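Quick heads-up: the structure tokens below are two forms of one chain, split into structure 1 and structure 2.
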Structure 1
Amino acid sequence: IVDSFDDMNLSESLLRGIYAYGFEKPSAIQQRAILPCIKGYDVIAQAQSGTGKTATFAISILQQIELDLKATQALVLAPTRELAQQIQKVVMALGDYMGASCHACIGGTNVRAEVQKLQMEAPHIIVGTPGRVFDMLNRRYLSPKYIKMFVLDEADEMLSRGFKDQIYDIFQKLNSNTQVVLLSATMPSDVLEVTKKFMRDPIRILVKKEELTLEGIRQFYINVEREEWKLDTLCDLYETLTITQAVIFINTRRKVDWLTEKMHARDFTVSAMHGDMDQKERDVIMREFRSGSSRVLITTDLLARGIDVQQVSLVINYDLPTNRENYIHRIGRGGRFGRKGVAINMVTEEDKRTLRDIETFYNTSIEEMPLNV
């Protein structure tokens, strides 16, 4: 445990970028994981939502970069285009002063423009989503020759059944000596088993499941009775609220579109976000929510992981998540870096089992919503 960025043997010009970004003291995960990452160990880093995992790996990557080698030295993957873009902006701002280059390799962007930029000069760090990154590797416009660090953010999503093969196909193009770093708020037992295909006696920084939920996010439930409409329950509640910014999670794209329309039909101002929209529209919606121009986003799990909007203080689970790990991530959209937030769960009878599994596994208190608001 190192409690000061000055105590981490970081180059002075990386420190200029850290302090310019506004950080003053390292968070708990930063105090524990930056040094092992810099030293080149494989690291599994679990830590509570919103406590600074991004800068943990960005700082470690930037300290390792050989700036005058104009070649890609580090590859970071994320499960969604929005998260990859967010991560890219953090690395680029931390690395700006020292002159590290960081390029986003994500789907839905002009390929010719990207290929020309890569042809101009290989960026030091690539942050991307797996499909586009593997495409660029396969076309040979991205070279793995000097990649010595491979970071999976949201690692347990990236190593799930639907992604692990994409990750493994990219991993095949990397040198055997590549350092591997995995970070997530959740690290379930099945994923930790999978990590042996990727990693060599790694350092494990884990959180006890009964201590994972954030103290500052008050969790509540509302029972929806059999004859009641969940839509009325949300609208009645939504009226009695003064929102700064809020996220409402829905399990399907179809239902996001439907709910957005219903809410507009009751003169509520919301915007919708999901993965079947054009990337230009996704970018606009995200930008307007980050800036505070729209106050309430209705979304799928596209935005459950990693997305950081400080002003979000309210999460509503209109549908409960289909796996318990996404519960942690969804409610973690509020309460970023020690702010107090609220999460509200709508619970129909068929939802009780799901919510019960969440409560007992994480040993967390979910209380009946009071009238205080």
Structure 2
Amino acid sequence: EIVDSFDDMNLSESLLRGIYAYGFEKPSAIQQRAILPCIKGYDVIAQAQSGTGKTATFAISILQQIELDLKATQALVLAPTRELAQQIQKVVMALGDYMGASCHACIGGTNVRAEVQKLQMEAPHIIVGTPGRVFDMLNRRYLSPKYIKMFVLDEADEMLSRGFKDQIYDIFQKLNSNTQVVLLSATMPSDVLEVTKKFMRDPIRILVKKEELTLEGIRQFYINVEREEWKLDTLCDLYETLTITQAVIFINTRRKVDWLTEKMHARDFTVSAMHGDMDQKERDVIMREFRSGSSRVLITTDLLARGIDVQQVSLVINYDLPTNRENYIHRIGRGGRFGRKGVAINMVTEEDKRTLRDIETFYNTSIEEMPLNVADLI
């Protein structure tokens, strides 16, 4: 079961070289548990707390299985958003730096002609993509399922949700029967675990009790606002705390992201906005500026709730409380990456603290009123 060193995982020498060149020294808890079953070829359901290294868990496993002399697509990774798929593609490339493995990002919003040209020239070893564009390229037969032996759903419970399950099933239908299936997520509700019985062969389940999901290093607070109409002034009062670090402010609708961004611009606050109705070129610019520290404060929808890794984020503001319990863990998990200290602030009206209490009891976690000392916890 447990293996506490990358040197003890029978990895290729050049793969191990890429891990160490990337900055990793010891495998995290989930890497100690899940990499070997995945490399062995078992179907695996791998759950672990936010920010504990689930990407490299499947990235290392995929890279170790690739036949580099076989110029065909051998592994397919799906993610719910374009920004996450792009982030994963970069991690795979960095860990495979000394291997000569090809990994291509297959996502909506990018130039179709250029991608078709590339795919027809050479079949990448690894595809990381979003379901729409991947299915499109399968349908056009510019991607071939012929040699795909590994199929990974990151954020798997979102990939099996109401809007994604049919998309995943249409892709799975084009895959060979013997394809290995690996699922990863911070959250794995029992209804999701049930449906995995339809397409996974007695998988290895590496699970986490929901009452043990919250990270000790992320202090959760609430701010009484009483009325929705005072949230704007409360956020502006927090601004100089938001900019100590980098902060993400979560909003439940695209429309309100635009509303809040303009209100804060009108008061001369420097903030960036992010949601799915922006052009992909706009989305890429905003994400790049945030990753580089050029912009410190991001107002966004749940587009960025899952998987996005920006080490410098240590503050998450739930301006709107999430209507999905599982989504709460993902949102606050944008801070406190890989053991770092983080803070989550929930802005709660009267009608809201009913929801906050349900969150508290779901995760067996206590969310106290925000202290005046909070700028020092950043």
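Only the largest set of C-alpha atoms that superpose within 1.5 Å between the two forms is called the rigid core. Numbers given to residues start at 1 and step along the sequence of structure 1.
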Which of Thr242, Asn177, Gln119, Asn110 has its C-alpha displaced by 2 Å or more between the two structures after core superposition? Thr242
Kindly check if the Cα atom of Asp278 is displaced 2 angstroms or more between the two structures relative to the superposed rigid core. no
When you overlay the rigid core, is the Cα of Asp201 off by 2 Å or more between the two structures? no
Taking the rigid core as reference, does the Cα of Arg140 move 2 Å or more between the two structures? no
Just grab the Cα shift of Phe163 between the two structures for me, core aligned, in angstrom. 0.3
After superposition on the rigid core, what is the displacement of the C-alpha atom of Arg226 between the two structures, in Å? 3.8
